[PDB]
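For the protein sequence lines, the chains are E and C, in the order given. The deposited numbering numbers the first residue of the first sequence as 56 and each following residue consecutively. The deposited numbering numbers the first residue of the second sequence as 2 and each following residue consecutively. Beta carbons: idealized from backbone N, C-alpha and C, even for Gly.
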Amino acid sequence: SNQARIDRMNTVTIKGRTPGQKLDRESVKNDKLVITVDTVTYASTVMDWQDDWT
Amino acid sequence: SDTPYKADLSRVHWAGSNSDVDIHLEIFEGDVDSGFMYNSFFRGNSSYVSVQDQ
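Printed below as a string of C-alpha cells:
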C-alpha cells in the first residue's frame, strides 16, 4: 500500500457528589492520522563506448 | 439530578423529623497536643557558691 494510520483519544474529568444526587456522564473523543509516500529520488550517469575504449 | 428517592431516605444517626440533626459518635484514638520541650544551656558559665544551712 502507500498509507499508514494511527489513532488518537481524549481524556476524562472528575466531579463531586452529595447524598440524594445523581451521577453525570461524559463523552470521550478520538481522531486519526495518515501519512503518504509521493516522490522518488535518483541519480544517473551515462558513458559512451568510444570514449570508454580510450 | 435528584434521584427518585431523595425525599424518602432512611438515614441512621440523624435525629428529629426530616432526619437532618447530627448525632453521630466520635472516634478517639488517644492523641494529645501540648507545648514543646526545652533544656537549659547555661549552668557552667558562672562561678558557684553554696550557702545551704549556713
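Nearest Cα to residue 23 of chain C within the set C/13, C/29, C/31: C/13.
In the three-state scheme derived from DSSP, where H, G and I count as helix and E and B as strand, residue 16 of chain C is classed as strand. Cβ proximity to chain C below 8 Å picks out nothing from the segment 81-93 of chain E. Residues 20 of the same chain have their beta carbon placed closer than 8 Å to that of residue 10 of chain C, with the five preceding and five following residues left out of the count. Interface annotation, residue 21 of chain C: not in contact with chain E, CB-CB separation never under 8 Å.
Within the same chain, Cβ atoms closer than 7 Å to the Cβ of residue 86 of chain E are found at 63, the five residues on either side in sequence being excluded. With the criterion set as a beta carbon lying under 9 Å from some beta carbon of chain E, the members of the segment 6-30 of chain C are 6, 7, 8, 10, 12, in sequence order. Taking a Cβ-Cβ cut-off of 8 Å, the neighbours of residue 3 of chain C in chain E comprise 75, 76, 77, given in sequence order. Between the segment 87-101 of chain E and the segment 57-71 of chain E, the count of Cβ pairs shorter than 8 Å is three or higher; the stretches touch.
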